[PDB]
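Alright, two takes on the same chain below, each alone as structure tokens: structure 1 and structure 2.
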Structure 1
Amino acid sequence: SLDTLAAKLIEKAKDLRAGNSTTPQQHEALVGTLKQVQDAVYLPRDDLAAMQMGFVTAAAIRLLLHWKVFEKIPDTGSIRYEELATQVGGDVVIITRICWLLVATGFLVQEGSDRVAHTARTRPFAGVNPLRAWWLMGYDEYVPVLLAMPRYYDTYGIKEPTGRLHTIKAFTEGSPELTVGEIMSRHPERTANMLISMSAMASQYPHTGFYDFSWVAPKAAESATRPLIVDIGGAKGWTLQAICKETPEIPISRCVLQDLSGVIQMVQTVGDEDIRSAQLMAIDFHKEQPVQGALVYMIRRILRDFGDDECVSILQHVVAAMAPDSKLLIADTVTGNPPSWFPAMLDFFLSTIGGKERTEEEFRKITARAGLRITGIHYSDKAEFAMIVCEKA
């Protein structure tokens, strides 16, 4: 209500005078209560106007980034508009009008009528960092594709995009006959910025803590030879390291990391003690799975990137290598019907590259098509992220 929102502002205001640090959960509770009050108070005209304002605040921020203006505003204190325009080489009038939009939305602050200053909301834009990179990637790489969607579906029909080719991203870029990865290989700077961002937001999903891997330990003791955990597309090998430190009875010596040759070379050179002690193979999981009869094959946050047929083909390669008692673990979102907002928004983005978040029923369909049977689903506490346990059917 309006009253509980005021109560949380009073608590915040108090904790700030006392120098106590707000907690993350406290911050979300306050943002949540605000959104509930706005939902209750805003009329449709208010929602639509706020949506339009979001467009121009984003465009203002994009233009000031392009002009390198956030770098020139000091961390603290104020800079004169005239001084800012001189350092940019631009007309003070248009630079002032753009800042005025951000002043009226509380992104910037004016200290007189001629000086402007940062807030906590704009300091991330004043230098290189993962959040700025993520912001720019989503704006430059995603918003144009969002605008092209009606045109895209006019062209291909109102159909779920499921291929790796003729994606909406590639269609927007003008090369529908290339994959997104081939497009990005033609674009070093955009790929560089994407690494910084794609790496940061991976750490928002948990690797362990909601699924017990320790049942692998008995087999590690009955047999000296059987490979234990094969991580398919596991990147730097951090998942395997965590699993084996959570359960030291699982020798990382007997686990396998599979990725692309360029990523396996980085694991060997500047990788740490134990990941380097594990078998590292450069593979293409679209076409092959060399390790035969391992106890566990793991596919974490990968199937979301592909359509059903591509997932079934990936799964069928793994099933061909599985022994009768092998498990195939899929770590991914099992979205609800209907889905919560974060997975719903990820699913929307994924439609630009041919992927999707899948419901439980959709996961049963693709696993059944691969000759698998889901025996369990173990949920994390984070946005329906689960461990899906499968066996040969």
Structure 2
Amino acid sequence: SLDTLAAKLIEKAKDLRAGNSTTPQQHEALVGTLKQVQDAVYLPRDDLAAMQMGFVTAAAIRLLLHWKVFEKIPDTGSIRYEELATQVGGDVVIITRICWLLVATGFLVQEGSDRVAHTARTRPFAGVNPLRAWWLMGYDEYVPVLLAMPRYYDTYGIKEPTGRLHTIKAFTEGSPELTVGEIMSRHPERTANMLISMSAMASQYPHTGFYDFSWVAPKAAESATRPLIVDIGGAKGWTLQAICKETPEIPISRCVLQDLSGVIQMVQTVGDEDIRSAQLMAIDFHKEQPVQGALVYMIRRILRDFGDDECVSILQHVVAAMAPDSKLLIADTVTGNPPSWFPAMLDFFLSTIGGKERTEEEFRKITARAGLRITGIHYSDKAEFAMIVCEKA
């Protein structure tokens, strides 16, 4: 309410006067209450004007990024607009007008009428760091695809986008007949930033803590030879390392990391001593599962990138390798009906490449097509991210 929002501000202001910085918990509670109060107070004209302001504050940030303006405003203190314009090589009037938008929305501050300064909200834009790369990748790569969606569905019909061909992304790029991978292969720099981005995306999901792997240990004692955990598309093997650190009774040397050859060779050359103790295999999980009869096959944050038919193809190759008692674990969001905001947004972004976040019933459909039955679903603390446990039907 208005009063409880006031109470959280009074508390913040008092605690700062006491040299006690804000808790992350305290911060999320304050911004959540603000949003609640805004949703209660704002009328539709306020909602829509706030949305339009969001477009122009992002466009202003993008333009000042392009002009290298945030780098020229010093981390502390200020710079005169005239001096900023000289260093940029442009007209002080237009540079000032763009800065004034960000002054009016609290991103920058003016010291007098003559000078401009960073705030905490703009310092991440003044140099190299993951937030600035994440920001630029969302803006440059996704906003035009979002704007192209009405035209996309005009062309293809109001139908769920499911293939690796004719994606919204590739359509936006002008090459719907190519895969996003064929398109990105012609764009070195953008391929570099797409690799930065989705490695940062996997940083946000827990590797362990919500699923008990210890049932592997008695199987590992009964059999000295059976492969234990096969990580299909496991990137640099960090999930396997975390699992085996968590349960030392699972020898990483009896686990298998599968990925693309370029990923495996850099694991062979730079990864830790434990991940190099594992069996490392270049594979194409669209075509093959080479390890036969392992206790566990794990597919983590992969199926979300693909439509139902491509997922069933991936799963059927694994099922063919499974022994009757093997488990296939899918680590992904089991999105709710209706979904919470973060998975709902991620699902919208996945629609541009042919993927989606699946409900429990949708996961049951594709696992059954592949000859599997879901026997448990174990949820993490994060946004319905879960371990789906499957056995042969």
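Rigid core here is just the name for the largest C-alpha set that superposes within 1.5 Å across the two forms. Quick note, the numbers are simply positions in structure 1, starting from 1.
Once the core is superposed between structure 1 and structure 2, every option in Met149, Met281, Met194, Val143 stays below 2 Å in C-alpha shift except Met194. Here the rigid core is superposed, and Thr179 then shows its C-alpha moved by 1.2 angstrom between structure 1 and structure 2. For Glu11, the Cα shift between structure 1 and structure 2 is 0.9 Å when the rigid core is held fixed in the overlay.
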